[PDB]
$ cat query20.cif   # mmCIF, C-alpha atoms and all ligand atoms
data_start
#
loop_
_atom_site.label_atom_id
_atom_site.label_comp_id
_atom_site.auth_asym_id
_atom_site.auth_seq_id
_atom_site.Cartn_x
_atom_site.Cartn_y
_atom_site.Cartn_z
CA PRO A 21 -79.67 2.61 64.10
CA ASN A 22 -83.44 2.48 64.60
CA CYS A 23 -85.02 5.63 66.17
CA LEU A 24 -87.63 7.88 64.58
CA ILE A 25 -88.30 11.57 65.21
CA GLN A 26 -91.92 12.27 64.39
CA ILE A 27 -92.79 15.93 63.86
CA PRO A 28 -95.97 17.65 62.73
CA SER A 29 -96.00 18.57 59.09
CA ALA A 30 -96.23 22.13 57.82
CA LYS A 31 -99.94 21.88 56.94
CA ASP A 32 -100.51 20.52 60.43
CA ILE A 33 -98.65 23.22 62.41
CA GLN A 34 -100.57 25.68 60.24
CA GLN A 35 -103.79 24.64 62.02
CA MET A 36 -102.37 25.34 65.55
CA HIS A 37 -102.51 29.14 65.27
CA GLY A 38 -103.79 30.53 68.55
CA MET A 39 -103.58 27.37 70.61
CA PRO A 40 -102.27 28.27 74.07
CA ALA A 41 -98.77 27.45 75.18
CA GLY A 42 -97.02 28.36 78.41
CA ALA A 43 -95.58 31.78 77.47
CA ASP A 44 -95.45 34.42 74.67
CA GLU A 45 -95.64 31.73 71.97
CA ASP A 46 -98.73 29.93 70.70
CA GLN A 47 -98.36 26.27 69.77
CA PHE A 48 -97.87 27.28 66.14
CA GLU A 49 -94.87 29.57 66.84
CA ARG A 50 -93.55 27.01 69.30
CA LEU A 51 -93.66 23.96 67.03
CA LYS A 52 -92.52 26.08 64.09
CA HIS A 53 -89.33 27.02 65.95
CA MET A 54 -88.76 23.54 67.29
CA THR A 55 -88.97 21.85 63.86
CA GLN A 56 -86.61 24.58 62.72
CA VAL A 57 -84.03 23.46 65.30
CA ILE A 58 -84.57 19.89 64.21
CA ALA A 59 -84.06 21.05 60.62
CA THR A 60 -80.79 22.38 62.04
CA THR A 61 -79.43 19.19 63.56
CA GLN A 62 -80.90 17.32 60.45
CA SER A 63 -78.65 19.19 58.02
CA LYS A 64 -75.86 18.71 60.57
CA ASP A 65 -76.59 14.96 60.34
CA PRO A 66 -79.05 13.64 57.68
CA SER A 67 -79.09 10.39 59.68
CA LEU A 68 -81.51 11.96 62.22
CA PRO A 69 -84.62 10.16 60.89
CA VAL A 70 -87.25 12.88 60.91
CA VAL A 71 -90.66 12.06 59.48
CA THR A 72 -93.63 14.37 59.36
CA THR A 73 -97.18 13.47 60.10
CA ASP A 74 -97.86 13.57 56.35
CA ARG A 75 -96.43 10.08 55.64
CA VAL A 76 -99.41 8.89 57.68
CA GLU A 77 -102.13 7.30 55.57
CA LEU A 78 -105.57 7.16 57.02
CA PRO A 79 -108.61 5.01 56.26
CA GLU A 80 -111.02 6.49 53.72
CA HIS A 81 -113.85 6.88 56.24
CA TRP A 82 -111.62 9.18 58.38
CA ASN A 83 -110.47 11.35 55.47
CA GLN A 84 -114.11 11.40 54.39
CA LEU A 85 -115.01 12.70 57.85
CA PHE A 86 -112.39 15.50 57.80
CA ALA A 87 -113.55 16.44 54.31
CA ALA A 88 -117.19 16.47 55.48
CA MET A 89 -116.28 18.61 58.53
CA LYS A 90 -115.09 21.31 56.13
CA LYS A 91 -118.54 21.34 54.51
CA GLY A 92 -119.80 22.83 57.78
CA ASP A 93 -122.66 20.51 58.91
CA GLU A 94 -122.37 19.05 62.43
CA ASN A 95 -125.13 16.48 61.89
CA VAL A 96 -123.60 14.96 58.77
CA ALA A 97 -120.13 14.70 60.31
CA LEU A 98 -121.55 13.07 63.44
CA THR A 99 -123.83 10.54 61.74
CA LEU A 100 -120.80 9.87 59.49
CA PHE A 101 -118.53 9.45 62.52
CA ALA A 102 -121.15 7.33 64.27
CA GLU A 103 -121.19 5.11 61.20
CA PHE A 104 -117.45 4.36 61.46
CA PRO A 105 -116.88 0.61 61.99
CA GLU A 106 -116.30 -0.03 65.70
CA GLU A 107 -113.26 -2.21 64.81
CA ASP A 108 -111.31 0.54 63.01
CA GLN A 109 -108.00 0.54 64.85
CA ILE A 110 -107.85 4.32 65.40
CA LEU A 111 -111.37 4.55 66.81
CA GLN A 112 -110.62 1.40 68.83
CA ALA A 113 -107.54 2.93 70.45
CA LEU A 114 -109.23 6.29 71.08
CA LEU A 115 -112.24 4.74 72.83
CA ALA A 116 -109.78 2.83 75.02
CA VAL A 117 -109.02 6.18 76.68
CA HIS A 118 -111.57 8.82 75.68
CA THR A 119 -115.34 8.87 75.59
CA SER A 120 -117.19 8.96 72.27
CA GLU A 121 -119.09 12.03 73.50
CA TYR A 122 -115.89 13.95 74.10
CA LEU A 123 -114.78 12.95 70.58
CA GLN A 124 -118.09 14.18 69.15
CA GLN A 125 -117.61 17.40 71.15
CA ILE A 126 -114.21 17.92 69.53
CA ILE A 127 -115.98 17.42 66.21
CA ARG A 128 -118.76 19.85 67.09
CA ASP A 129 -116.11 22.22 68.44
CA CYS A 130 -114.01 22.07 65.25
CA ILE A 131 -117.08 22.87 63.15
CA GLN A 132 -118.28 25.59 65.51
CA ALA A 133 -114.77 27.10 65.35
CA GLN A 134 -115.38 27.66 61.66
CA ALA A 135 -117.26 30.83 62.50
CA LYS A 136 -114.39 33.04 63.65
CA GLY A 137 -111.61 30.53 62.87
CA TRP A 138 -111.17 29.32 66.48
CA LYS A 139 -113.20 28.42 69.56
CA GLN A 140 -111.77 29.45 72.94
CA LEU A 141 -113.27 27.05 75.50
CA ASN A 142 -111.59 27.66 78.87
CA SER A 143 -108.44 29.89 79.02
CA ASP A 144 -106.31 26.71 78.63
CA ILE A 145 -107.90 25.11 75.47
CA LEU A 146 -108.45 26.60 72.01
CA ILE A 147 -109.95 24.54 69.16
CA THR A 148 -109.51 25.26 65.43
CA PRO A 149 -111.27 23.75 62.38
CA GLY A 150 -108.19 21.69 61.65
CA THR A 151 -107.72 20.48 65.19
CA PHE A 152 -109.40 17.05 65.18
CA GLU A 153 -107.63 15.96 61.97
CA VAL A 154 -104.18 17.09 63.06
CA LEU A 155 -104.44 15.09 66.28
CA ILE A 156 -105.68 11.99 64.49
CA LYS A 157 -102.73 12.26 62.11
CA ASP A 158 -100.37 12.77 65.08
CA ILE A 159 -101.72 9.73 66.97
CA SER A 160 -102.09 7.38 64.00
CA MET A 161 -98.61 8.23 62.78
CA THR A 162 -97.35 7.02 66.13
CA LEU A 163 -99.66 4.03 66.61
CA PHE A 164 -98.89 2.18 63.35
CA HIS A 165 -95.95 3.96 61.74
CA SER A 166 -94.23 3.53 65.12
CA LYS A 167 -91.20 1.24 65.12
CA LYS A 168 -89.29 0.67 68.38
CA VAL A 169 -88.00 3.94 69.95
CA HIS A 170 -89.89 6.99 68.72
CA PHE A 171 -89.66 10.72 69.50
CA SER A 172 -92.88 12.62 68.84
CA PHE A 173 -93.09 16.39 68.85
CA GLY A 174 -96.69 17.57 68.91
CA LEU A 175 -99.48 18.87 71.16
CA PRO A 176 -99.38 18.12 74.87
CA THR A 177 -101.26 15.17 76.39
CA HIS A 178 -100.79 14.67 80.14
CA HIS A 179 -103.41 17.20 81.32
CA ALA A 180 -106.10 15.66 79.07
CA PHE A 181 -108.84 13.56 80.70
CA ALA A 182 -111.24 10.87 79.48
CA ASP A 183 -114.12 13.23 78.67
CA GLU A 184 -112.32 16.61 78.53
CA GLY A 185 -109.09 18.50 77.95
CA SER A 186 -107.31 21.07 80.12
CA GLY A 187 -103.99 22.88 80.44
CA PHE A 188 -103.26 22.97 76.70
CA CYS A 189 -103.99 19.20 76.31
CA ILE A 190 -106.89 18.18 74.07
CA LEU A 191 -106.19 14.45 73.73
CA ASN A 192 -104.13 12.13 75.86
CA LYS A 193 -101.93 10.56 73.22
CA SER A 194 -99.69 9.03 75.88
CA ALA A 195 -102.53 6.95 77.28
CA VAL A 196 -103.93 6.01 73.85
CA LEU A 197 -100.56 4.52 72.94
CA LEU A 198 -100.07 2.57 76.16
CA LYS A 199 -103.54 1.04 76.08
CA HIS A 200 -102.84 0.23 72.42
CA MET A 201 -99.68 -1.70 73.29
CA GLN A 202 -101.20 -3.94 75.93
CA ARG A 203 -104.11 -4.53 73.51
CA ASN A 204 -103.19 -8.02 72.31
CA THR A 205 -99.59 -8.63 73.43
CA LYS A 206 -98.46 -10.72 76.45
CA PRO A 207 -98.73 -8.67 79.67
CA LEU A 208 -96.14 -5.89 79.71
CA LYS A 209 -94.34 -3.94 82.45
CA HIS A 210 -95.37 -0.38 81.68
CA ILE A 211 -92.93 2.21 83.03
CA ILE A 212 -93.56 5.96 82.79
CA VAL A 213 -91.24 8.87 83.64
CA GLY A 214 -93.07 12.18 83.23
CA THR A 215 -90.51 14.93 83.71
CA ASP A 216 -92.80 17.85 82.84
CA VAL A 217 -92.69 20.19 85.89
CA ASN A 218 -96.49 20.08 85.92
CA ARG A 219 -98.22 16.96 87.17
CA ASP A 220 -99.17 14.08 84.91
CA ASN A 221 -102.69 14.39 86.40
CA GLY A 222 -104.82 13.60 83.36
CA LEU A 223 -102.70 10.60 82.38
CA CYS A 224 -102.81 9.36 85.97
CA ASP A 225 -106.59 9.75 86.13
CA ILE A 226 -107.01 7.76 82.90
CA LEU A 227 -104.56 5.08 84.03
CA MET A 228 -106.21 4.83 87.43
CA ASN A 229 -109.84 4.42 86.32
CA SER A 230 -109.35 2.12 83.29
CA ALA A 231 -105.91 0.46 83.46
CA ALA A 232 -106.04 -1.11 86.95
CA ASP A 233 -105.30 -4.50 85.39
CA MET A 234 -101.94 -3.81 83.81
CA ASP A 235 -98.46 -3.57 85.31
CA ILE A 236 -97.76 0.16 85.34
CA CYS A 237 -95.11 2.08 87.28
CA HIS A 238 -95.84 5.80 86.79
CA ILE A 239 -92.93 7.85 88.19
CA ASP A 240 -94.24 11.44 88.20
CA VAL A 241 -91.72 14.22 88.82
CA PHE A 242 -93.49 17.54 89.36
CA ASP A 243 -93.57 20.62 91.56
CA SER A 244 -96.78 20.85 93.57
CA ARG A 245 -96.58 24.67 93.94
CA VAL A 246 -97.29 25.03 90.23
CA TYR A 247 -100.24 23.98 88.01
CA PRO A 248 -102.23 21.91 88.73
CA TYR A 249 -101.20 22.86 92.35
CA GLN A 250 -101.90 19.39 93.78
CA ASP A 251 -99.90 17.87 96.63
CA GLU A 252 -99.46 14.55 98.40
CA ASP A 253 -102.58 15.08 100.50
CA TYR A 254 -104.54 15.36 97.28
CA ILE A 255 -102.96 12.22 95.88
CA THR A 256 -103.61 10.50 99.23
CA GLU A 257 -107.23 11.49 98.59
CA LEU A 258 -107.55 10.18 95.02
CA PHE A 259 -106.13 6.79 95.81
CA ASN A 260 -108.18 6.66 99.03
CA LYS A 261 -104.94 5.59 100.75
CA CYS A 262 -102.03 7.24 102.61
CA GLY A 263 -98.82 7.27 100.60
CA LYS A 264 -95.94 4.86 101.22
CA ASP A 265 -92.70 6.70 102.02
CA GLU A 266 -90.16 5.45 99.44
CA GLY A 267 -87.41 7.51 101.12
CA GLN A 268 -86.29 11.09 100.33
CA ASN A 269 -89.79 12.63 100.77
CA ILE A 270 -91.10 10.44 97.93
CA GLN A 271 -94.34 8.51 98.21
CA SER A 272 -95.86 5.72 96.17
CA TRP A 273 -99.52 4.79 95.87
CA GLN A 274 -101.14 1.71 94.34
CA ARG A 275 -104.39 1.32 92.43
CA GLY A 276 -104.19 -2.35 91.47
CA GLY A 277 -101.49 -2.88 88.85
CA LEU A 278 -100.80 0.86 88.86
CA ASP A 279 -98.13 2.15 91.23
CA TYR A 280 -97.86 5.96 91.13
CA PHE A 281 -94.68 7.65 92.48
CA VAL A 282 -94.77 11.33 93.45
CA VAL A 283 -91.21 12.66 93.23
CA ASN A 284 -92.08 16.13 94.45
CA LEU A 285 -89.62 18.74 93.19
CA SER A 286 -90.11 20.76 96.38
CA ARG A 287 -90.24 17.95 98.95
CA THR A 288 -87.28 16.25 97.12
CA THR A 289 -84.41 18.72 96.73
CA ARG A 290 -80.92 18.53 95.27
CA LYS A 291 -78.08 17.85 97.67
CA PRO A 292 -75.22 20.28 96.92
CA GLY A 293 -73.02 19.51 93.91
CA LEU A 294 -74.89 16.34 92.97
CA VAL A 295 -77.25 15.38 90.19
CA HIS A 296 -80.85 16.07 91.09
CA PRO A 297 -82.02 12.97 93.01
CA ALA A 298 -85.27 12.97 90.96
CA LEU A 299 -83.69 11.56 87.80
CA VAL A 300 -81.45 9.44 90.04
CA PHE A 301 -84.63 7.81 91.30
CA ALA A 302 -86.16 7.33 87.86
CA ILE A 303 -83.07 5.47 86.68
CA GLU A 304 -82.93 3.26 89.77
CA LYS A 305 -86.67 2.44 89.77
CA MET A 306 -86.53 1.78 86.03
CA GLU A 307 -83.51 -0.50 86.26
CA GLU A 308 -85.34 -2.36 89.02
CA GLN A 309 -88.65 -2.62 87.18
CA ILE A 310 -86.86 -4.03 84.13
CA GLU A 311 -85.23 -6.84 86.08
CA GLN A 312 -88.66 -7.57 87.57
CA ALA A 313 -89.95 -7.96 84.01
CA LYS A 314 -87.12 -10.26 82.94
CA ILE A 315 -87.90 -12.37 86.01
CA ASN A 316 -91.60 -12.62 85.12
CA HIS A 317 -90.72 -13.54 81.49
CA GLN A 318 -92.64 -10.38 80.56
CA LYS A 319 -91.85 -7.50 78.24
CA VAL A 320 -91.47 -3.82 79.02
CA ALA A 321 -92.86 -0.65 77.46
CA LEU A 322 -91.42 2.74 78.40
CA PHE A 323 -93.02 6.16 77.97
CA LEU A 324 -91.46 9.60 78.49
CA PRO A 325 -94.20 12.26 78.49
CA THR A 326 -91.45 14.73 79.19
CA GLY A 327 -91.51 18.51 79.26
CA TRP A 328 -88.60 20.91 79.51
CA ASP A 329 -90.60 23.43 81.55
CA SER A 330 -88.89 21.73 84.51
CA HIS A 331 -85.47 22.86 83.25
CA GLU A 332 -83.90 25.46 85.49
CA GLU A 333 -83.71 27.90 82.57
CA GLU A 334 -87.42 27.95 81.80
CA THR A 335 -89.12 31.33 82.23
CA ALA A 336 -92.78 30.27 81.92
CA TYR A 337 -95.11 30.91 84.83
CA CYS A 338 -96.02 27.25 85.01
CA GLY A 339 -92.39 26.49 85.84
CA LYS A 340 -91.01 29.49 87.69
CA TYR A 341 -94.13 31.00 89.34
CA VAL A 342 -94.18 29.34 92.74
CA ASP A 343 -95.60 30.44 96.09
CA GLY A 344 -95.90 34.07 94.87
CA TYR A 345 -92.50 34.76 93.20
CA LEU A 346 -90.20 33.66 90.38
CA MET A 347 -87.53 31.19 91.42
CA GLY A 348 -84.19 32.88 91.81
CA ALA A 349 -80.83 31.56 90.68
CA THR A 350 -80.07 29.62 93.84
CA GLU A 351 -83.46 27.94 94.24
CA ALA A 352 -83.31 26.98 90.55
CA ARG A 353 -80.41 24.65 91.33
CA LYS A 354 -81.95 22.66 94.17
CA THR A 355 -85.45 22.18 92.63
CA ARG A 356 -85.11 22.40 88.81
CA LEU A 357 -83.20 20.29 86.28
CA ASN A 358 -80.14 21.41 84.34
CA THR A 359 -78.40 20.32 81.14
CA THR A 360 -76.00 18.13 83.11
CA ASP A 361 -78.96 16.37 84.73
CA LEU A 362 -80.61 15.85 81.35
CA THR A 363 -77.41 14.73 79.68
CA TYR A 364 -77.14 12.31 82.59
CA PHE A 365 -80.81 11.29 82.40
CA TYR A 366 -80.98 10.49 78.69
CA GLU A 367 -77.43 9.07 78.55
CA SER A 368 -78.50 6.72 81.35
CA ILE A 369 -81.71 5.49 79.69
CA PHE A 370 -80.10 4.92 76.28
CA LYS A 371 -77.35 3.00 78.11
CA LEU A 372 -79.97 0.75 79.73
CA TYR A 373 -81.43 -0.06 76.28
CA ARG A 374 -78.55 -2.07 74.79
CA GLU A 375 -78.26 -4.14 77.96
CA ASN A 376 -81.88 -5.28 77.47
CA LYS A 377 -82.74 -4.43 73.84
CA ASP A 378 -84.35 -7.86 73.59
CA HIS A 379 -86.38 -7.23 76.74
CA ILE A 380 -87.92 -4.02 75.33
CA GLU A 381 -91.18 -3.72 73.42
CA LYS A 382 -90.97 -0.01 72.49
CA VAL A 383 -90.03 3.31 74.04
CA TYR A 384 -91.78 6.59 73.40
CA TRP A 385 -90.77 10.19 74.14
CA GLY A 386 -93.55 12.73 73.91
CA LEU A 387 -93.05 16.45 74.08
CA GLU A 388 -95.27 18.07 76.69
CA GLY A 389 -94.24 21.47 78.08
CA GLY A 390 -91.16 23.61 77.44
CA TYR A 391 -91.69 27.21 76.45
CA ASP A 392 -88.60 29.49 76.61
CA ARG A 393 -87.27 29.51 73.05
CA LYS A 394 -83.59 29.70 74.04
CA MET A 395 -84.02 26.93 76.61
CA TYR A 396 -85.81 24.49 74.30
CA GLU A 397 -83.90 25.14 71.06
CA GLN A 398 -80.95 23.99 73.18
CA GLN A 399 -82.43 20.98 74.96
CA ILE A 400 -83.66 19.85 71.55
CA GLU A 401 -80.07 19.79 70.33
CA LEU A 402 -79.02 18.09 73.58
CA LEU A 403 -81.52 15.35 72.75
CA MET A 404 -80.19 15.22 69.19
CA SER A 405 -76.55 14.90 70.23
CA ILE A 406 -77.80 11.96 72.31
CA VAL A 407 -80.30 10.37 69.91
CA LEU A 408 -77.52 10.53 67.29
CA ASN A 409 -75.10 8.34 69.32
K K B 501 -100.33 24.05 82.19
K K B 502 -94.83 15.28 85.69
ZN ZN B 503 -95.76 21.38 81.85
#
$ encode --input "query20.cif" --output "structure tokens"
Amino acid sequence: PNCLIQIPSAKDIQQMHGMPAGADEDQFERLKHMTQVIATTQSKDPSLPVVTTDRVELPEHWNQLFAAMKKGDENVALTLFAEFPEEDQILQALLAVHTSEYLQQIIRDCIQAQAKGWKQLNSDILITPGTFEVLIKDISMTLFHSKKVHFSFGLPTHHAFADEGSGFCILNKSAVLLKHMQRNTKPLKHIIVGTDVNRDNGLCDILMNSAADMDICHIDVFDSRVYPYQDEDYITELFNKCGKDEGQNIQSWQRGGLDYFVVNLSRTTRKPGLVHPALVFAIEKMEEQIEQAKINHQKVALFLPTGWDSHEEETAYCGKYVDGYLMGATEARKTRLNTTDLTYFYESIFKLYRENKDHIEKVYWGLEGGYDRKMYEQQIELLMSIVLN
């Protein structure tokens, strides 16, 4: 076939010691164990096309910068970085989303972290000397070494803002990509399905204040009683506009070309034996938004900043710590997603592909949350039984 499973390389993961994740693992131990499970279903089936971030090949000024960062001087790295050519593709696609000054701060931060080997800035972000480089490799590897349909395991993105990171997210790779795709191609129909139990609030901010010119449909499934603890009255406040009831306690907002759908896991609950209506929506909306793109002779681009911390078998506080308790068995059914939902979700999407493979530009699946080792080492295989076929 034609997919690609990007993973961070071993030298890369070895710079993520100490970076916060949602449980007892740090992002090192997490991504170590996940690439292990992919090394499992890759010796089960050497067709699973896994590539590390090391087959990425960067321009000499970038590698020069990383090398200069190691020599410990902030001023030389910055003047060096400042002297990058403004038409370098990487730089061009970063500045489409982030500020230069945030970038420089990540460079200052990486060098300052050289003192004790890490820099804790806010209890949700930890920076290491390697951290800038490993993210550049992660993003570049996806931007140019992409190819249609692409699974990237790597740091989280959706809580990262234009001039700052939060909730484990340093850089918003999902937005850098999307901006990059509309860069010089005919106007696309951008469709986003962010299944992380937490809210795609950084992404949405970035999309809302810079991409109000493109056709985006951001379907955001999240539980408002967990981080970032923002509800429909909040989102009514951002968009300066009351939400439009799309049925089933689901509300859409519009900021120009952006149309943001809050499928609230707590307002929108599973009817008894059924599949969770959240995914059910995503598939219906999607299928609709594709036909709309065929009608307007326009192409589509799909993005899945998905986390598994919305699976019913997560244990992490950002998934199960709601309203003062941990969700019991029963409540886990009606508000969290199960393997049958996911096997329905992904099986659906992949099925939609071959009916409109022409009318696709590229699809991208980006790991976000997911923290219980048992739960993710299994959903990973579930994805790999499905990416296989
Ligand atoms: K979080
Ligand atoms: K979400
Ligand atoms: Zn999450």
$ closest_residue --input "query20.cif" --among "A:261, A:340, A:168, A:31" --to "residue 151 of chain A" --atoms "all atoms listed in the file"
A:31
$ residues_around --input "query20.cif" --residues "residue 192 of chain A" --least-positions-apart "6" --cutoff "9 Å" --atoms "only C-alpha atoms" --output "list in words"
residues 117, 118, 176, 177, 178, 179, 180, 181, 182, 185, 222, 223 and 226 of chain A
$ closest_atom_pairs --input "query20.cif" --of "segment 168-248 of chain A" --to "segment 353-362 of chain A" --cutoff "10 Å" --atoms "all atoms listed in the file" --output "CSV"
residue,atom,partner,partner_atom,distance
A:215,CA,A:357,CA,9.4
A:217,CA,A:356,CA,8.4
A:242,CA,A:356,CA,9.7
A:243,CA,A:355,CA,8.3
$ residues_around --input "query20.cif" --residues "residue 54 of chain A" --least-positions-apart "4" --cutoff "10 Å" --atoms "all atoms listed in the file" --output "PDB file with C-alpha atoms, in the coordinates of the input"
ATOM      1  CA  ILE A  27     -92.790  15.930  63.860  1.00  0.00           C
ATOM      2  CA  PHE A  48     -97.870  27.280  66.140  1.00  0.00           C
ATOM      3  CA  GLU A  49     -94.870  29.570  66.840  1.00  0.00           C
ATOM      4  CA  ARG A  50     -93.550  27.010  69.300  1.00  0.00           C
ATOM      5  CA  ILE A  58     -84.570  19.890  64.210  1.00  0.00           C
ATOM      6  CA  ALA A  59     -84.060  21.050  60.620  1.00  0.00           C
ATOM      7  CA  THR A  60     -80.790  22.380  62.040  1.00  0.00           C
ATOM      8  CA  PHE A 173     -93.090  16.390  68.850  1.00  0.00           C
ATOM      9  CA  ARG A 393     -87.270  29.510  73.050  1.00  0.00           C
ATOM     10  CA  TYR A 396     -85.810  24.490  74.300  1.00  0.00           C
ATOM     11  CA  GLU A 397     -83.900  25.140  71.060  1.00  0.00           C
ATOM     12  CA  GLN A 398     -80.950  23.990  73.180  1.00  0.00           C
ATOM     13  CA  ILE A 400     -83.660  19.850  71.550  1.00  0.00           C
ATOM     14  CA  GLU A 401     -80.070  19.790  70.330  1.00  0.00           C
TER      15      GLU A 401
END
$ residues_near_ligand --input "query20.cif" --ligand "ligand ZN 503 (chain B)" --cutoff "8 Å" --atoms "all atoms listed in the file" --output "tab-separated table (two decimals) with C-alpha atoms, keeping the file's coordinate frame"
chain	number	residue	atom	x	y	z
A	42	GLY	CA	-97.02	28.36	78.41
A	216	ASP	CA	-92.80	17.85	82.84
A	217	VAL	CA	-92.69	20.19	85.89
A	218	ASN	CA	-96.49	20.08	85.92
A	219	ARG	CA	-98.22	16.96	87.17
A	327	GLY	CA	-91.51	18.51	79.26
A	328	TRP	CA	-88.60	20.91	79.51
A	329	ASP	CA	-90.60	23.43	81.55
A	330	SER	CA	-88.89	21.73	84.51
A	338	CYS	CA	-96.02	27.25	85.01
A	339	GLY	CA	-92.39	26.49	85.84
A	388	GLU	CA	-95.27	18.07	76.69
A	389	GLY	CA	-94.24	21.47	78.08
A	390	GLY	CA	-91.16	23.61	77.44
$ closest_residue --input "query20.cif" --among "A:193, A:382, A:139, A:394" --to "residue 170 of chain A" --atoms "only C-alpha atoms"
A:382
$ atom_distance --input "query20.cif" --atom1 "atom CA of residue 236 of chain A" --atom2 "atom CA of residue 120 of chain A"
25.0 Å
$ closest_residue --input "query20.cif" --among "A:312, A:61, A:260, A:221" --to "ligand K 502 (chain B)" --atoms "all atoms listed in the file"
A:221
$ atom_distance --input "query20.cif" --atom1 "atom CA of residue 109 of chain A" --atom2 "atom CA of residue 124 of chain A"
17.5 Å
$ closest_residue --input "query20.cif" --among "A:136, A:199, A:290, A:128" --to "residue 89 of chain A" --atoms "all atoms listed in the file"
A:128
$ closest_residue --input "query20.cif" --among "A:57, A:70, A:190, A:24" --to "ligand K 501 (chain B)" --atoms "all atoms listed in the file"
A:190
$ residues_around --input "query20.cif" --residues "residue 352 of chain A" --least-positions-apart "6" --cutoff "12 Å" --atoms "only C-alpha atoms" --output "list in words"
residues 285, 286, 289, 290, 296, 330, 331, 332, 333, 334, 335, 339, 340, 341, 342, 346 and 358 of chain A
$ atom_distance --input "query20.cif" --atom1 "atom CA of residue 33 of chain A" --atom2 "atom CA of residue 161 of chain A"
15.0 Å
$ build_atoms --input "query20.cif" --residues "segment 23-34 of chain A" --atoms "N, CA, C and O atoms" --output "tab-separated table (two decimals), keeping the file's coordinate frame"
chain	number	residue	atom	x	y	z
A	23	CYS	N	-84.05	4.71	65.59
A	23	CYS	CA	-85.02	5.63	66.17
A	23	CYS	C	-85.88	6.25	65.08
A	23	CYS	O	-85.76	5.94	63.89
A	24	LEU	N	-86.79	7.12	65.49
A	24	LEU	CA	-87.63	7.88	64.58
A	24	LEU	C	-88.00	9.16	65.31
A	24	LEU	O	-88.30	9.13	66.51
A	25	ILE	N	-87.93	10.29	64.62
A	25	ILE	CA	-88.30	11.57	65.21
A	25	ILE	C	-89.52	12.05	64.45
A	25	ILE	O	-89.41	12.66	63.38
A	26	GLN	N	-90.70	11.76	64.98
A	26	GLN	CA	-91.92	12.27	64.39
A	26	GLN	C	-92.04	13.76	64.68
A	26	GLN	O	-91.75	14.21	65.79
A	27	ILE	N	-92.44	14.52	63.67
A	27	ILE	CA	-92.79	15.93	63.86
A	27	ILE	C	-94.06	16.21	63.08
A	27	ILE	O	-94.39	15.54	62.11
A	28	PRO	N	-94.79	17.24	63.51
A	28	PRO	CA	-95.97	17.65	62.73
A	28	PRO	C	-95.54	18.26	61.41
A	28	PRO	O	-94.50	18.93	61.32
A	29	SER	N	-96.34	18.03	60.39
A	29	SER	CA	-96.00	18.57	59.09
A	29	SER	C	-96.39	20.04	59.03
A	29	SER	O	-97.05	20.57	59.93
A	30	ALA	N	-96.00	20.69	57.94
A	30	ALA	CA	-96.23	22.13	57.82
A	30	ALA	C	-97.72	22.45	57.72
A	30	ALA	O	-98.17	23.47	58.26
A	31	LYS	N	-98.50	21.63	57.01
A	31	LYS	CA	-99.94	21.88	56.94
A	31	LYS	C	-100.55	21.72	58.32
A	31	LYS	O	-101.48	22.44	58.69
A	32	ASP	N	-100.01	20.77	59.09
A	32	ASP	CA	-100.51	20.52	60.43
A	32	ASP	C	-100.28	21.74	61.32
A	32	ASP	O	-101.24	22.43	61.71
A	33	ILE	N	-99.01	22.06	61.60
A	33	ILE	CA	-98.65	23.22	62.41
A	33	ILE	C	-99.44	24.44	61.99
A	33	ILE	O	-99.77	25.30	62.82
A	34	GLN	N	-99.82	24.52	60.70
A	34	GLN	CA	-100.57	25.68	60.24
A	34	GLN	C	-102.04	25.67	60.68
A	34	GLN	O	-102.76	26.64	60.44
